[PDB]
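Visitor: My questions will all concern the structure given below.
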Amino acid sequence: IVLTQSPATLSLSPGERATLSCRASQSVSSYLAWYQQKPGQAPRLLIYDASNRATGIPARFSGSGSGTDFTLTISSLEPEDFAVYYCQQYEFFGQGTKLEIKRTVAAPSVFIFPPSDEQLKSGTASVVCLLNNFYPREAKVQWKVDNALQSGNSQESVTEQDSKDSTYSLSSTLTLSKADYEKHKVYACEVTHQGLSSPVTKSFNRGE
Amino acid sequence: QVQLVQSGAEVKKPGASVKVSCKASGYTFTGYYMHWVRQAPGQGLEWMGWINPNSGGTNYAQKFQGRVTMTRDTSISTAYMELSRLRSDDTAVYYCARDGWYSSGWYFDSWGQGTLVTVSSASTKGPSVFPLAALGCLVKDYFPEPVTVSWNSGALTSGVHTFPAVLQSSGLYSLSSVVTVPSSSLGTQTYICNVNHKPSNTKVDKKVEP
């Protein structure tokens, strides 16, 4: 019943050929369709009947396959062709495959922000660690309070791949109470990223 | 040219019901099936059901059966999808899609813009804007989505990164909007982040200073 797409995430540079797979658990009709969804927009129809281009679809898009295995192929990746792609047949969708621009590795610019005084007056302390413009997106941020690891008290968010430099940005927030915040001195976030030769640590002391 | 325009976003408590509209134009309304597909934030697409606007007959997905109702009004070319006894995991964007193919399978060539339906037991609340003295702003503890953040009333655009909101354990959302600038203008150029949370008519200008 389920449609399985492969790979989960595909990273290639513009101009190259991308091939997206869509396998069916049961052998089902070759009435498949492929869709393109960009962030914040509705899906757009690309292929129907497994190998027919929809209206207004460039020729670089092409589909094939029947029975239990289906493929979507794009000849030369254009920067406008990088998004999420779902396969669908009747009432069944696939989990999707994200198509991102493969970029030359870039290290993150790491910044840390102590809690503002206004928040401290409200009895809460949020420390923010910023990772600006990096690639790839697989990065590990770990908070260190007095050089001791933190867990369970933070959350992070990552932006969509930038259209200008094809980078990502990560924002991690450690949230403590004013009491627990003032019981410790050194607050740091340790960033690990393949562009960094060694893990980078940005820290601050509660004074100054 | 085909157009599917849906109703604005909605906010509901668990157990309540929501009803989304979808007005069509540019084709014979009674001539094509209308489907309803939803998408939870960050997740994929999920088919809910279709309705034959001519007949009015329906076909609900097995999991939404007994909780969804799809009607239509031919005189105004509008389709409706009502989901009742909502739960938190029903929070999603709800699309209406036209299947334009008589033969073969269901091919959705026209989609609505979507209707965000937020289902949470939390009540609406304006955000608390705290500065991040690279500089930014912390838009903390607000409900529901979304918030729009601009710097200097949109005059400053280069180097701005507004991160996707995170859902905290408290049921309230929170995000951060940072911006990188030359350090020469910090003691001179004034940097203010403008947070606008329409659901609560809350607008905050926060001057960020070292």
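Chain labels A, B, ... are given in the sequence in which chains occur in the structure tokens; within each chain residues are numbered consecutively from 1, and ligands are likewise numbered from 1 in the order shown.
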Hey, list the chain B side of the contact with chain A: 10 Å cut-off, only C-alpha atoms, answer as a PDB file with C-alpha atoms, in the first residue's frame.

Guide:
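Result file out.pdb:
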ATOM      1  CA  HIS B  35     -10.239  16.543  -3.307  1.00  0.00           C
ATOM      2  CA  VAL B  37      -5.300  16.938   1.066  1.00  0.00           C
ATOM      3  CA  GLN B  39      -0.036  18.493   5.296  1.00  0.00           C
ATOM      4  CA  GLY B  42       7.305  19.392   8.294  1.00  0.00           C
ATOM      5  CA  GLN B  43       5.525  16.199   7.217  1.00  0.00           C
ATOM      6  CA  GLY B  44       4.171  14.940   3.912  1.00  0.00           C
ATOM      7  CA  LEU B  45       0.843  14.969   2.107  1.00  0.00           C
ATOM      8  CA  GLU B  46      -2.208  13.013   3.244  1.00  0.00           C
ATOM      9  CA  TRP B  47      -5.365  12.414   1.224  1.00  0.00           C
ATOM     10  CA  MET B  48      -8.655  13.016   3.079  1.00  0.00           C
ATOM     11  CA  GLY B  49     -11.430  12.529   0.522  1.00  0.00           C
ATOM     12  CA  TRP B  50     -13.115  13.857  -2.586  1.00  0.00           C
ATOM     13  CA  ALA B  61     -10.489   8.402   3.760  1.00  0.00           C
ATOM     14  CA  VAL B  93      -2.319  22.955   6.293  1.00  0.00           C
ATOM     15  CA  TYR B  95      -5.524  22.082   0.687  1.00  0.00           C
ATOM     16  CA  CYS B  96      -8.320  21.684  -1.830  1.00  0.00           C
ATOM     17  CA  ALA B  97      -7.168  20.138  -5.105  1.00  0.00           C
ATOM     18  CA  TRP B 101      -8.353  13.696 -15.552  1.00  0.00           C
ATOM     19  CA  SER B 103      -9.093   8.550 -17.342  1.00  0.00           C
ATOM     20  CA  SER B 104      -6.177   7.002 -15.437  1.00  0.00           C
ATOM     21  CA  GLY B 105      -5.769   8.066 -11.789  1.00  0.00           C
ATOM     22  CA  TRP B 106      -6.257  11.216  -9.761  1.00  0.00           C
ATOM     23  CA  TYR B 107      -3.985  13.992 -11.037  1.00  0.00           C
ATOM     24  CA  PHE B 108      -4.192  17.254  -9.083  1.00  0.00           C
ATOM     25  CA  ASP B 109      -3.386  20.037 -11.553  1.00  0.00           C
ATOM     26  CA  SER B 110      -4.749  22.925  -9.452  1.00  0.00           C
ATOM     27  CA  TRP B 111      -4.379  23.434  -5.708  1.00  0.00           C
ATOM     28  CA  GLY B 112      -5.633  26.028  -3.289  1.00  0.00           C
ATOM     29  CA  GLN B 113      -3.204  28.182  -1.350  1.00  0.00           C
ATOM     30  CA  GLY B 114      -3.925  26.150   1.785  1.00  0.00           C
ATOM     31  CA  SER B 128       7.455  38.884  24.480  1.00  0.00           C
ATOM     32  CA  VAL B 129      10.205  40.529  22.419  1.00  0.00           C
ATOM     33  CA  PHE B 130      13.638  40.402  24.016  1.00  0.00           C
ATOM     34  CA  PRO B 131      16.752  41.836  22.342  1.00  0.00           C
ATOM     35  CA  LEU B 132      19.807  39.802  21.392  1.00  0.00           C
ATOM     36  CA  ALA B 133      22.562  42.373  21.926  1.00  0.00           C
ATOM     37  CA  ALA B 134      25.507  39.909  14.836  1.00  0.00           C
ATOM     38  CA  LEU B 135      22.373  41.074  16.668  1.00  0.00           C
ATOM     39  CA  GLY B 136      18.779  39.935  16.738  1.00  0.00           C
ATOM     40  CA  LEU B 138      13.885  36.811  20.544  1.00  0.00           C
ATOM     41  CA  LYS B 140       9.161  34.290  22.844  1.00  0.00           C
ATOM     42  CA  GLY B 159      21.888  39.571   6.249  1.00  0.00           C
ATOM     43  CA  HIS B 161      17.754  35.447   9.157  1.00  0.00           C
ATOM     44  CA  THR B 162      14.317  34.831  10.680  1.00  0.00           C
ATOM     45  CA  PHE B 163      14.261  31.269  12.000  1.00  0.00           C
ATOM     46  CA  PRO B 164      11.233  28.951  11.927  1.00  0.00           C
ATOM     47  CA  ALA B 165       9.223  28.987  15.131  1.00  0.00           C
ATOM     48  CA  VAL B 166       9.639  26.199  17.668  1.00  0.00           C
ATOM     49  CA  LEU B 167       6.738  24.769  19.660  1.00  0.00           C
ATOM     50  CA  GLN B 168       7.729  24.855  23.328  1.00  0.00           C
ATOM     51  CA  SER B 174       8.995  31.042  19.933  1.00  0.00           C
ATOM     52  CA  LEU B 175      11.491  32.089  17.257  1.00  0.00           C
ATOM     53  CA  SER B 176      14.502  34.344  16.787  1.00  0.00           C
ATOM     54  CA  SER B 177      15.354  36.873  14.075  1.00  0.00           C
ATOM     55  CA  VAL B 178      19.030  37.772  13.758  1.00  0.00           C
ATOM     56  CA  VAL B 179      20.924  40.041  11.382  1.00  0.00           C
ATOM     57  CA  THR B 180      24.607  40.583  10.645  1.00  0.00           C
TER      58      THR B 180
END

Visitor: Using DSSP assignments from the backbone, pull out every residue in range 52-199 of chain A that falls under alpha helix (DSSP H) and give it to me as a ChimeraX atom specification.

Guide: /A:117-121,178-182

Visitor: For residue 161 in chain A, which residue among A:23, A:193, A:184, A:102 is the nearest when counting only C-alpha atoms?

Guide: A:102

Visitor: Give me, as a VMD selection string, all polymer residues having an atom no more than 10 Å from range 144-157 of chain B, counting only C-alpha atoms and skipping those fewer than 2 positions away in the same chain.

Guide: chain B and resid 9 to 11 116 to 120 122 to 127 136 to 137 139 141 to 142 159 to 162 164 to 165 167 171 to 179 181 190 to 200 202 to 207

Visitor: Keeping only C-alpha atoms, take the residues you just selected and write them out as a PDB file, in the first residue's frame.

Guide:
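Okay, out33.pdb is ready:
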ATOM      1  CA  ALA B   9      -6.470  30.234   8.711  1.00  0.00           C
ATOM      2  CA  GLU B  10      -8.383  29.045  11.769  1.00  0.00           C
ATOM      3  CA  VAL B  11      -7.597  28.285  15.409  1.00  0.00           C
ATOM      4  CA  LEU B 116      -3.589  26.507   8.258  1.00  0.00           C
ATOM      5  CA  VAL B 117      -5.703  24.975  11.028  1.00  0.00           C
ATOM      6  CA  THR B 118      -4.059  25.182  14.455  1.00  0.00           C
ATOM      7  CA  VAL B 119      -5.585  22.805  17.015  1.00  0.00           C
ATOM      8  CA  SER B 120      -4.204  23.376  20.511  1.00  0.00           C
ATOM      9  CA  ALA B 122      -3.538  26.868  24.476  1.00  0.00           C
ATOM     10  CA  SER B 123      -5.132  30.309  24.283  1.00  0.00           C
ATOM     11  CA  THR B 124      -3.999  33.202  22.115  1.00  0.00           C
ATOM     12  CA  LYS B 125      -1.244  35.415  23.504  1.00  0.00           C
ATOM     13  CA  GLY B 126       1.046  38.154  22.241  1.00  0.00           C
ATOM     14  CA  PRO B 127       4.807  37.592  22.111  1.00  0.00           C
ATOM     15  CA  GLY B 136      18.779  39.935  16.738  1.00  0.00           C
ATOM     16  CA  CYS B 137      15.476  39.643  18.558  1.00  0.00           C
ATOM     17  CA  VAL B 139      10.133  36.485  19.908  1.00  0.00           C
ATOM     18  CA  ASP B 141       5.923  32.820  24.192  1.00  0.00           C
ATOM     19  CA  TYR B 142       3.141  33.555  21.703  1.00  0.00           C
ATOM     20  CA  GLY B 159      21.888  39.571   6.249  1.00  0.00           C
ATOM     21  CA  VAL B 160      18.566  38.993   8.025  1.00  0.00           C
ATOM     22  CA  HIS B 161      17.754  35.447   9.157  1.00  0.00           C
ATOM     23  CA  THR B 162      14.317  34.831  10.680  1.00  0.00           C
ATOM     24  CA  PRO B 164      11.233  28.951  11.927  1.00  0.00           C
ATOM     25  CA  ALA B 165       9.223  28.987  15.131  1.00  0.00           C
ATOM     26  CA  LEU B 167       6.738  24.769  19.660  1.00  0.00           C
ATOM     27  CA  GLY B 171       2.136  25.086  24.016  1.00  0.00           C
ATOM     28  CA  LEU B 172       3.453  28.520  22.985  1.00  0.00           C
ATOM     29  CA  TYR B 173       5.654  29.264  19.977  1.00  0.00           C
ATOM     30  CA  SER B 174       8.995  31.042  19.933  1.00  0.00           C
ATOM     31  CA  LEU B 175      11.491  32.089  17.257  1.00  0.00           C
ATOM     32  CA  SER B 176      14.502  34.344  16.787  1.00  0.00           C
ATOM     33  CA  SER B 177      15.354  36.873  14.075  1.00  0.00           C
ATOM     34  CA  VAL B 178      19.030  37.772  13.758  1.00  0.00           C
ATOM     35  CA  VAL B 179      20.924  40.041  11.382  1.00  0.00           C
ATOM     36  CA  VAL B 181      25.890  44.130  10.149  1.00  0.00           C
ATOM     37  CA  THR B 190      19.857  52.273  15.149  1.00  0.00           C
ATOM     38  CA  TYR B 191      18.596  48.700  14.744  1.00  0.00           C
ATOM     39  CA  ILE B 192      14.953  48.035  15.643  1.00  0.00           C
ATOM     40  CA  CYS B 193      13.107  44.768  15.037  1.00  0.00           C
ATOM     41  CA  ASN B 194       9.397  45.047  14.244  1.00  0.00           C
ATOM     42  CA  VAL B 195       7.368  42.080  15.494  1.00  0.00           C
ATOM     43  CA  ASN B 196       3.747  41.831  14.335  1.00  0.00           C
ATOM     44  CA  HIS B 197       1.466  39.081  15.665  1.00  0.00           C
ATOM     45  CA  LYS B 198      -1.859  39.667  13.926  1.00  0.00           C
ATOM     46  CA  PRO B 199      -3.832  37.018  15.900  1.00  0.00           C
ATOM     47  CA  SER B 200      -3.509  39.240  19.000  1.00  0.00           C
ATOM     48  CA  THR B 202       0.240  42.904  18.980  1.00  0.00           C
ATOM     49  CA  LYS B 203       2.923  45.060  17.358  1.00  0.00           C
ATOM     50  CA  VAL B 204       6.289  45.591  19.052  1.00  0.00           C
ATOM     51  CA  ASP B 205       9.210  47.786  18.023  1.00  0.00           C
ATOM     52  CA  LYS B 206      12.299  46.807  20.025  1.00  0.00           C
ATOM     53  CA  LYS B 207      15.484  48.860  19.758  1.00  0.00           C
TER      54      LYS B 207
END

Visitor: Go through B:24, B:51, B:68, B:40 one by one, measure the shortest atom-to-atom distance of each to residue 90 in chain B using only C-alpha atoms, and give the residue with the smallest value.

Guide: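 Answer, going by the shortest atom-to-atom distance: B:40.
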
Visitor: Contacts of range 199-202 of chain A at 6 Å or less, counting only C-alpha atoms, minus same-chain residues fewer than 4 places along, as a PyMOL selection string?

Guide: chain A and resi 188-192

Visitor: Mind dumping the selected residues with N, CA, C and O atoms as a short mmCIF file (atom, residue, chain, number, x, y, z; two decimals), in the first residue's frame?

Guide:
data_model
loop_
_atom_site.label_atom_id
_atom_site.label_comp_id
_atom_site.auth_asym_id
_atom_site.auth_seq_id
_atom_site.Cartn_x
_atom_site.Cartn_y
_atom_site.Cartn_z
N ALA A 188 28.41 28.24 27.43
CA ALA A 188 29.06 28.02 26.15
C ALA A 188 28.23 27.08 25.30
O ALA A 188 27.47 26.25 25.81
N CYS A 189 28.38 27.21 23.98
CA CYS A 189 27.84 26.25 23.03
C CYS A 189 28.99 25.73 22.17
O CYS A 189 29.75 26.51 21.60
N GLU A 190 29.11 24.40 22.10
CA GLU A 190 30.16 23.75 21.33
C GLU A 190 29.59 23.29 20.00
O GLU A 190 28.68 22.45 19.96
N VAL A 191 30.13 23.83 18.91
CA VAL A 191 29.65 23.54 17.57
C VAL A 191 30.59 22.53 16.93
O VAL A 191 31.81 22.70 16.96
N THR A 192 30.02 21.48 16.34
CA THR A 192 30.77 20.52 15.54
C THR A 192 30.22 20.54 14.12
O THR A 192 29.02 20.31 13.91
#

Visitor: Report the residues of range 58-191 of chain B whose backbone DSSP state falls under strand (DSSP E or B), written as a PyMOL selection string.

Guide: chain B and resi 58-60+68-73+78-83+92-99+108-111+115-119+125+128-132+135-143+148-151+156+160-162+166-167+173-179+191

Visitor: One decimal, in Å: what's the spacing between CA of residue 197 in chain A and CA of residue 175 in chain A?

Guide: 29.0 Å

Visitor: Using only C-alpha atoms, find the one residue out of B:188, B:58, B:170, B:69 that sits nearest to residue 17 in chain B.

Guide: B:69

Visitor: So that I can check the surroundings of residue 67 in chain B, please list as a count of residues only every protein, DNA and RNA residue that reaches within 8 Å of it, counting only C-alpha atoms and ignoring chain neighbours fewer than 3 positions away.

Guide: 4

Visitor: Write out as a list in words which residues come within 8 Å of residue 71 in chain A when counting only C-alpha atoms, dropping same-chain ones fewer than 5 positions away.

Guide: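 Answer for this query is residues 19, 20, 21, 22, 63, 64 and 65 of chain A.
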